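Contents: one structure, followed by commentary.
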Amino acid sequence: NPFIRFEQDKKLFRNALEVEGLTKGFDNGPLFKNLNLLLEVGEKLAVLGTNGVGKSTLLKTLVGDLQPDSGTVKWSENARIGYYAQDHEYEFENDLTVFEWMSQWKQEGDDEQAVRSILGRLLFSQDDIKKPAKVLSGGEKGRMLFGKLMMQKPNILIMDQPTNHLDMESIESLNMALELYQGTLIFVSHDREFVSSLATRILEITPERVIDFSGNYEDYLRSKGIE
Amino acid sequence: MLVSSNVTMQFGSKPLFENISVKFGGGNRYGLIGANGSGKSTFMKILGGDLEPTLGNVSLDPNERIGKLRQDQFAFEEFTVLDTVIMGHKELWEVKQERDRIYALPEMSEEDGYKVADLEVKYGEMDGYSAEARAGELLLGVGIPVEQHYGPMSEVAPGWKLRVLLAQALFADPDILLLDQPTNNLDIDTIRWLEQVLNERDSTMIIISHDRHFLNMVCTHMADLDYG
Amino acid sequence: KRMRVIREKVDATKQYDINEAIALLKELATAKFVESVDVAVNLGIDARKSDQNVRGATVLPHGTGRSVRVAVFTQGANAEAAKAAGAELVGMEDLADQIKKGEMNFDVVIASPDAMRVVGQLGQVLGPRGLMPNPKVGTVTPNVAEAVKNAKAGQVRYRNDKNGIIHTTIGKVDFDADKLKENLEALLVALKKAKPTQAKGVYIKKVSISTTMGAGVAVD
RNA sequence: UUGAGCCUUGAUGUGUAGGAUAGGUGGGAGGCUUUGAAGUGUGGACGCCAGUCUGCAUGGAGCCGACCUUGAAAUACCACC
Ligand SMILES: Nc1ncnc2c1ncn2[C@@H]1O[C@H](COP(=O)(O)OP(=O)(O)OP(=O)(O)O)[C@@H](O)[C@H]1O
Ligand SMILES: Nc1ncnc2c1ncn2[C@@H]1O[C@H](COP(=O)(O)OP(=O)(O)OP(=O)(O)O)[C@@H](O)[C@H]1O
Ligand code: NA
Ligand code: NA
């Protein structure tokens with residue numbers, strides 16, 4: 001059972017995000033129509049909706065790598081964003097040793113004694129820290145990105161499907177790691193258990209119109225009419 | 001039926017798995033479970049022959065068409081979706097494309113004509129005439145539109161071509177299915193369709209899955225890969 | 001109805017005699033038709049494996065009792081050779097590309113090794129229905145004149161069912177028992193000589209002769 | 001009473017693009033119905049729920065392949081499965 005826990009270096013107050021008129025589409029036009037929202041601090045926003053629709057590309061626009069058609073996204077002043085992309089190959093195509101790859105993100109005020117502690121908690125013991133970063137398992141890679149988020153210590157976590165290639169032990173450790181998190185969280189998942197365990201607001205998009213909520217997934221289903 | 005004897009793969013200075021010897025076969029479905037980094041993908045590579053073991057054997061019958069899954073490649077990207085799912089049948093694909101090449105090159109001489117007649121009868125026996133139709137009746141199940149069935153592999157979306165790569169594996173009822181994490185980044189409806197279409201088949205299937213509700217749904221045996 | 005009044009009269013369990021089965025079929029010939037008789041044998045082979053496939057064609061000692069226009073598929077001298085053999089088709093590159101492009105088919109196909117206009121033009125029509133000639137089946141013959149006698153002389157082809165059954169027409173209820181017995185024997189001998197190398201078990205399990213509108217019975 | 005094997009008889013095995021819930025061989029395509037109809041008057045079973053199978057008849061004596069879109073044709077039917 002890996003020991004994962006995200007902390008927050010500089011807590012930020014009042015609104016953490018605001019999105020004003022974020023219409024965008026690639027070639028179907030209204031991928032999401034006239035989005036308008038304001039995300040407070042401590043929100044755990046689970047963005048649902050399932051398939052081919054802009055379930056992602058919302059996160060990509062929020063981080064900025066996918067320019068929107070119209071609209072402006074105003075992050076908080078000190079907002080530091082930890083991004084866990086759904087497709088994360090580009091950060092491992094470069095072939096560094098696991099130790100160097102985890103050491104890229106060491107911050108001001110920590111050693112390579114403290115660098116290796118994250119890998120130790122992530123169960124990379126003595127030889128699995130000598131492998132090329134390219135040759136690693138899918139779960140052993142998702143964990144290695146979790147250990148980069150932990151190392152950067154963000155105050156806004158955006159995670160595109162953080163439950164990929166992770167066994168029961170990992171989706172039981174990270175679930176409570178994010179539950180103890182004190183900060184802004186934006187995530188997307190399909191399994192009706194991980195999203196239901198930790199969520200205070202649901203924003204799911206349907207290929208005609210977004211629908212927003214203000215409660216957890218159980219109340220969401222009862223209001224939808226699902227037994 | 002597939003057998004493996006003393007596979008013993010090792011790169012480093014710690015045992016990975018030792019003297020693995022097991023008979024896979026009989027129509028049973030073996031969910032292969034384990035931790036996040038133990039042996040599963042490098043074991044379904046060995047069972048398909050992608051990499052030979054450090055010292056061991058894998059035995060298969062002279063003709064047993066292994067239907068295995070991707071997610072070690074993404075970039076075929078040279079041809080249409082129909083003829084992309086078709087080439088899951090590595091036997092039929094070669095005869096089809098070779099006879100197309102022969103038709104392209106002039107002329108059908110006596111070497112060419114006698115080289116082609118037997119390939120044509122082989123194609124008929126392999127029922128390539130109704131190959132594209134049965135491929136399309138599966139692409140519709142996966143969720144790809146009929147009007148763009150014939151589009152090339154660049155027309156498809158990056159998040160939509162893993163659907164085609166999944167449909168390739170289970171093309172025409174191939175015995176021994178090597179499924180490596182098939183349900184990842186798939187939806188509830190597609191998962192239900194897949195677990196329904198795998199429930200109507202008599203073909204041993206070794207499946208990697210880290211979830212419980214799919215293994216507990218389809219699988220019969222629960223092969224583990226822990227402790228070595 | 002007739003199928004309700006003959007089902008009791010004929011039983012499929014009792015493997016009737018070689019002459020008794022034919023006699024019973026002749027007695028039961030009632031439908032107002034020429035009523036071609038057919039024969040179905042159950043070879044013992046594994047159709048899942050290609051090397052145990054039995055593709056063949058032989059000239060029956062009497063004939064099928066029907067005439068089919070053996071369309072010649074050839075070009076050049078080889079295609080023109082069949083014109084003097086008395087065939088019901090004309091072989092040309094255009095005549096197979098345009099004339100044979102929309103044409104359904106002939107009764108059978110001759111083989112031409114010189115011309116090539118009727119090779120890729122068939123496609124779903126020339127191969128999907130099983131009319132394409134192959135060297136083993138004798139359709140792709142070196143000589144159009146040879147194919148004329150191999151098809152117009154009373155030659156019958158056969159390919160396995162997906163479960164390993166060979167059935168084909170043998171004659172008509174007008175034909176006599178003395179002709180039909182040798183007609184069946186020739187086909188049985190042909191299959192016996194055409195048995196593949198790896199044929200486990202007995203390769204002739206059941207032999208049922210039947211009419212179009214009648215039932216069938218085992219003969220051996 | 002309940003397992004299993006075997007035999008005999010009957011059903012079930014649409015996604016398009018089709019009239020319509022066509023299994024592959026191919027025998028034929030003009031054959032099925034009056035030892036008493038397609039529809040009707042009315043039962044049950046099955047289902048991707050659109051549609052199929054079956055008792056008997058006051059009356060009952062007429063339905064489909066030919067066309068046609070498909071890689072492929074038809075409960076016109078019998079065949080070996
Ligand atoms: N890089 C791209 N180039 C072109 N079109 C794209 C690109 N990325 C996405 N699209 C298009 O925009 C659509 C939105 O895809 P999106 O990432 O929102 O899907 P998703 O719901 O996250 O999918 P999945 O769960 O299958 O990963 C895609 O289906 C595709 O049509
Ligand atoms: N070239 C290599 N060098 C060193 N170690 C390697 C190499 N290739 C693979 N490995 C190791 O082999 C193991 C493979 O693990 P495996 O792929 O079975 O994990 P998984 O996440 O359970 O699988 P899956 O992706 O199939 O769900 C890992 O421990 C990985 O580090
Ligand atoms: Na996505
Ligand atoms: Na892997």
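We label chains A, B, ... in the order they appear in the structure tokens, count residues from 1 in each chain, and number ligands from 1 in the order shown.
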Can you work out which residues are within 8 Å of ligand 1, considering only C-alpha atoms (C1' of nucleotides) and all ligand atoms, and then hand them over as a list in words?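 The neighbouring residues of ligand 1 are, in order, residues 25, 26, 27, 28, 31, 49, 50, 51, 52, 53, 54, 55, 56, 57, 58 and 86 of chain A; 156, 157, 158, 159, 160, 185, 186 and 187 of chain B.
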With 9 Å as the cut-off and only C-alpha atoms counted, what is the closest atom pair between each nearby residue of chain B and chain C? Distances in Å to one decimal, ordered by chain and number, as a Markdown table.
| residue | atom | partner | partner_atom | distance |
| --- | --- | --- | --- | --- |
| B:63 | CA | C:49 | CA | 7.8 |
| B:103 | CA | C:120 | CA | 7.3 |
| B:107 | CA | C:116 | CA | 7.9 |
| B:108 | CA | C:116 | CA | 6.4 |
| B:109 | CA | C:113 | CA | 7.0 |
| B:110 | CA | C:113 | CA | 6.3 |
| B:113 | CA | C:113 | CA | 6.7 |
| B:114 | CA | C:135 | CA | 7.7 |
| B:117 | CA | C:134 | CA | 5.5 |
| B:118 | CA | C:134 | CA | 7.0 |
| B:120 | CA | C:134 | CA | 8.0 |
| B:121 | CA | C:134 | CA | 6.9 |
| B:122 | CA | C:50 | CA | 8.3 |
| B:124 | CA | C:127 | CA | 7.5 |
| B:125 | CA | C:50 | CA | 7.8 |
| B:126 | CA | C:50 | CA | 8.9 |
| B:127 | CA | C:128 | CA | 8.8 |
| B:129 | CA | C:128 | CA | 6.0 |
| B:130 | CA | C:128 | CA | 8.5 |
Using only C-alpha atoms (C1' of nucleotides) and all ligand atoms, find each protein or nucleic acid residue lying at most 7 Å from ligand 2; present the set as JSON, numbers by chain. {"A": [128, 131, 135, 136, 137, 138, 139, 140, 165], "B": [11, 34, 35, 36, 37, 38, 39, 40, 41, 42, 43, 180, 181, 208, 209, 210]}
Could you write out the selected residues, including N, CA, C and O atoms, as a tab-separated table (two decimals), in the first residue's frame?
chain	number	residue	atom	x	y	z
A	128	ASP	N	14.78	-0.93	-9.01
A	128	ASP	CA	13.75	-0.23	-9.77
A	128	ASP	C	13.91	1.28	-9.75
A	128	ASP	O	13.08	1.97	-10.34
A	131	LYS	N	16.21	1.63	-13.39
A	131	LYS	CA	15.64	1.38	-14.70
A	131	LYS	C	15.52	2.68	-15.48
A	131	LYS	O	15.38	3.76	-14.89
A	135	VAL	N	10.97	2.35	-19.58
A	135	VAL	CA	10.53	0.98	-19.35
A	135	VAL	C	10.01	0.90	-17.92
A	135	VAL	O	10.74	0.60	-16.98
A	136	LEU	N	8.72	1.16	-17.76
A	136	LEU	CA	8.05	1.04	-16.48
A	136	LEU	C	6.61	0.63	-16.74
A	136	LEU	O	6.08	0.83	-17.83
A	137	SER	N	5.98	0.06	-15.72
A	137	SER	CA	4.60	-0.38	-15.85
A	137	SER	C	3.66	0.82	-15.88
A	137	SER	O	4.03	1.95	-15.53
A	138	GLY	N	2.43	0.57	-16.31
A	138	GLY	CA	1.45	1.65	-16.35
A	138	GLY	C	1.11	2.18	-14.97
A	138	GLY	O	1.08	3.39	-14.75
A	139	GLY	N	0.84	1.28	-14.03
A	139	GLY	CA	0.61	1.71	-12.66
A	139	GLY	C	1.86	2.25	-12.01
A	139	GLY	O	1.81	3.23	-11.26
A	140	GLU	N	3.00	1.62	-12.29
A	140	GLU	CA	4.27	2.10	-11.77
A	140	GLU	C	4.64	3.46	-12.34
A	140	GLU	O	5.54	4.12	-11.82
A	165	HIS	N	-4.73	2.08	-14.74
A	165	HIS	CA	-3.66	1.11	-14.53
A	165	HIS	C	-3.28	0.98	-13.05
A	165	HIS	O	-2.18	0.53	-12.73
B	11	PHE	N	15.62	-9.54	-15.53
B	11	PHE	CA	16.54	-8.47	-15.92
B	11	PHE	C	16.87	-7.65	-14.68
B	11	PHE	O	16.11	-6.76	-14.29
B	34	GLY	N	-2.51	-9.37	-10.29
B	34	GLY	CA	-1.25	-9.12	-9.64
B	34	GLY	C	-1.15	-7.68	-9.18
B	34	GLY	O	-2.12	-6.92	-9.26
B	35	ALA	N	0.03	-7.32	-8.71
B	35	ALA	CA	0.29	-5.95	-8.30
B	35	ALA	C	0.56	-5.07	-9.52
B	35	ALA	O	0.53	-5.52	-10.66
B	36	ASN	N	0.84	-3.79	-9.26
B	36	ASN	CA	0.98	-2.84	-10.35
B	36	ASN	C	2.27	-2.99	-11.13
B	36	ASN	O	2.40	-2.37	-12.19
B	37	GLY	N	3.23	-3.76	-10.64
B	37	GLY	CA	4.47	-3.86	-11.38
B	37	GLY	C	5.09	-5.24	-11.40
B	37	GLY	O	6.31	-5.36	-11.57
B	38	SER	N	4.29	-6.29	-11.22
B	38	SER	CA	4.93	-7.58	-11.02
B	38	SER	C	5.34	-8.26	-12.33
B	38	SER	O	6.52	-8.26	-12.67
B	39	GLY	N	4.39	-8.80	-13.08
B	39	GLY	CA	4.77	-9.53	-14.28
B	39	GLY	C	3.81	-9.61	-15.45
B	39	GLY	O	4.11	-10.26	-16.44
B	40	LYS	N	2.64	-8.98	-15.34
B	40	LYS	CA	1.50	-9.35	-16.17
B	40	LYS	C	1.70	-9.05	-17.66
B	40	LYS	O	1.47	-9.92	-18.52
B	41	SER	N	2.11	-7.83	-17.98
B	41	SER	CA	2.27	-7.46	-19.39
B	41	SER	C	3.44	-8.20	-20.02
B	41	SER	O	3.33	-8.68	-21.15
B	42	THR	N	4.56	-8.30	-19.30
B	42	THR	CA	5.71	-9.04	-19.82
B	42	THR	C	5.47	-10.54	-19.82
B	42	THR	O	6.29	-11.28	-20.37
B	43	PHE	N	4.37	-11.01	-19.22
B	43	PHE	CA	3.98	-12.40	-19.30
B	43	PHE	C	3.04	-12.68	-20.47
B	43	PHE	O	3.19	-13.70	-21.15
B	180	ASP	N	-4.99	-7.56	-22.82
B	180	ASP	CA	-4.15	-6.81	-21.89
B	180	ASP	C	-4.86	-5.50	-21.57
B	180	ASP	O	-4.85	-4.57	-22.38
B	181	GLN	N	-5.48	-5.44	-20.39
B	181	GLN	CA	-6.19	-4.26	-19.90
B	181	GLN	C	-7.13	-3.71	-20.96
B	181	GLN	O	-6.89	-2.61	-21.48
B	208	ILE	N	-5.90	-9.42	-18.47
B	208	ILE	CA	-5.39	-8.59	-17.39
B	208	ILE	C	-6.47	-7.57	-17.04
B	208	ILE	O	-6.96	-6.86	-17.92
B	209	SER	N	-6.84	-7.50	-15.77
B	209	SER	CA	-7.78	-6.49	-15.33
B	209	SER	C	-7.53	-6.18	-13.86
B	209	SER	O	-7.41	-7.10	-13.05
B	210	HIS	N	-7.44	-4.90	-13.54
B	210	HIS	CA	-7.21	-4.45	-12.18
B	210	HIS	C	-8.50	-4.14	-11.44
B	210	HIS	O	-8.45	-3.77	-10.26
Please provide the set of residues having any atom within 6 Å of range 73-77 of chain A, restricted to only C-alpha atoms (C1' of nucleotides), with same-chain residues fewer than 6 positions apart removed, written as a compact mmCIF listing (two decimals) with C-alpha atoms, in the first residue's frame.
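The resulting file, out07.txt, is shown below:
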# COMPACT_ATOMS: atom_id res chain seq x y z
CA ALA A 16 -9.91 29.72 -6.89
CA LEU A 17 -11.16 29.71 -10.49
CA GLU A 18 -13.64 31.55 -12.68
CA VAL A 19 -14.70 30.60 -16.21
Compile the residues of chain C that lie within 6 Å of chain D, evaluated using only C-alpha atoms (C1' of nucleotides), and express the compilation as a short mmCIF file (atom, residue, chain, number, x, y, z; two decimals) with N, CA and C atoms, in the first residue's frame.
data_model
loop_
_atom_site.label_atom_id
_atom_site.label_comp_id
_atom_site.auth_asym_id
_atom_site.auth_seq_id
_atom_site.Cartn_x
_atom_site.Cartn_y
_atom_site.Cartn_z
N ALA C 40 -25.55 -36.94 -50.62
CA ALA C 40 -24.83 -36.26 -49.56
C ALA C 40 -24.06 -37.28 -48.73
N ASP C 161 -18.71 -28.81 -47.18
CA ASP C 161 -19.46 -27.95 -46.29
C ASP C 161 -18.58 -27.56 -45.11
N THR C 212 -35.24 -33.85 -54.78
CA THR C 212 -35.41 -32.45 -54.39
C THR C 212 -36.59 -32.30 -53.43
N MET C 213 -37.75 -32.82 -53.80
CA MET C 213 -38.95 -32.67 -53.00
C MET C 213 -39.24 -33.88 -52.13
N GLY C 214 -38.34 -34.86 -52.09
CA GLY C 214 -38.48 -36.02 -51.24
C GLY C 214 -37.42 -36.05 -50.15
#
Could you list, as an MDAnalysis selection string, every residue within 12 Å of residue 100 in chain A, counting only C-alpha atoms (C1' of nucleotides) and ignoring same-chain residues fewer than 6 positions away? chainID A and resid 92 94 106 112 115:116 119 129:133
Taking into account only C-alpha atoms, which residue in the set B:83, B:211, B:50, B:195 is nearest to chain A? B:211
Check every residue of chain B for an atom within 10 Å of chain D, counting only C-alpha atoms (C1' of nucleotides), and provide those that qualify as a PyMOL selection string. chain B and resi 127-134+137+140-141+146
Per DSSP on the backbone, what are the strand (DSSP E) residues of range 44-81 of chain B, as a list in words?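 Selecting the strand (DSSP E) positions of range 44-81 of chain B gives residues 57, 58, 59, 67 and 68 of chain B.
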Can you write just those residues out, C-alpha atoms, as a tab-separated table (two decimals), in the first residue's frame?
chain	number	residue	atom	x	y	z
B	57	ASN	CA	9.39	-22.80	-23.11
B	58	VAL	CA	5.95	-21.86	-24.43
B	59	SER	CA	4.15	-24.55	-26.41
B	67	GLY	CA	-6.01	-13.21	-30.89
B	68	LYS	CA	-4.02	-10.65	-28.90
Using the chain letters and numbers from this document, which residues of range 11-228 of chain B does DSSP assign to helix (DSSP H, G or I), as a ChimeraX atom specification? /B:40-48,81-86,90-104,110-125,128-142,146-148,161-169,188-197,212-218
Gap from CA of residue 209 in chain A to CA of residue 186 in chain A - Å, one decimal: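 Distance reported for this atom pair: 19.7 Å.
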List the neighbours of range 198-207 of chain B out to 7 Å using only C-alpha atoms (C1' of nucleotides); skip same-chain residues closer than 4 positions along the sequence, and give me the result as a list in words. residues 25, 26, 27, 28, 29, 30, 31, 32, 175, 176, 177, 178, 179, 180, 194 and 218 of chain B
For the selection you just gave me, I'd like the residues written to a file as a CSV table (one decimal), in the first residue's frame, keeping N, CA and C atoms.
chain,number,residue,atom,x,y,z
B,25,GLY,N,-5.9,-23.5,-21.3
B,25,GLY,CA,-6.7,-24.1,-22.4
B,25,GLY,C,-7.8,-25.0,-21.9
B,26,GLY,N,-8.9,-25.0,-22.7
B,26,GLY,CA,-10.1,-25.8,-22.4
B,26,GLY,C,-11.4,-25.0,-22.4
B,27,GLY,N,-11.3,-23.8,-23.0
B,27,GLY,CA,-12.4,-22.9,-23.0
B,27,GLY,C,-12.6,-22.1,-21.7
B,28,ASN,N,-11.7,-22.3,-20.7
B,28,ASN,CA,-11.8,-21.5,-19.5
B,28,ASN,C,-11.1,-20.1,-19.7
B,29,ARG,N,-11.6,-19.2,-19.0
B,29,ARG,CA,-11.1,-17.8,-19.1
B,29,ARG,C,-10.3,-17.5,-17.8
B,30,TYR,N,-9.0,-17.2,-18.0
B,30,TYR,CA,-8.1,-17.0,-16.8
B,30,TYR,C,-7.8,-15.5,-16.6
B,31,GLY,N,-8.5,-14.9,-15.7
B,31,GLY,CA,-8.2,-13.6,-15.2
B,31,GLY,C,-6.8,-13.6,-14.6
B,32,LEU,N,-5.9,-12.9,-15.1
B,32,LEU,CA,-4.5,-12.8,-14.6
B,32,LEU,C,-4.4,-11.6,-13.7
B,175,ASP,N,-9.5,-18.4,-31.2
B,175,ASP,CA,-9.2,-19.1,-30.0
B,175,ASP,C,-7.9,-18.6,-29.4
B,176,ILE,N,-7.9,-18.6,-28.0
B,176,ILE,CA,-6.8,-18.1,-27.2
B,176,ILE,C,-6.7,-16.5,-27.4
B,177,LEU,N,-7.4,-15.8,-26.5
B,177,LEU,CA,-7.4,-14.3,-26.6
B,177,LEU,C,-6.5,-13.8,-25.5
B,178,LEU,N,-5.5,-13.0,-25.9
B,178,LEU,CA,-4.6,-12.4,-25.0
B,178,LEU,C,-5.0,-10.9,-24.9
B,179,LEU,N,-5.9,-10.7,-23.9
B,179,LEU,CA,-6.4,-9.3,-23.6
B,179,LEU,C,-5.6,-8.7,-22.5
B,180,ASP,N,-5.0,-7.6,-22.8
B,180,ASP,CA,-4.2,-6.8,-21.9
B,180,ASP,C,-4.9,-5.5,-21.6
B,194,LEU,N,-18.8,-5.3,-24.1
B,194,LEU,CA,-17.6,-6.2,-24.2
B,194,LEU,C,-17.8,-7.4,-23.4
B,218,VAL,N,-16.9,-12.0,-15.9
B,218,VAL,CA,-16.6,-12.9,-17.1
B,218,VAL,C,-15.7,-14.1,-16.7
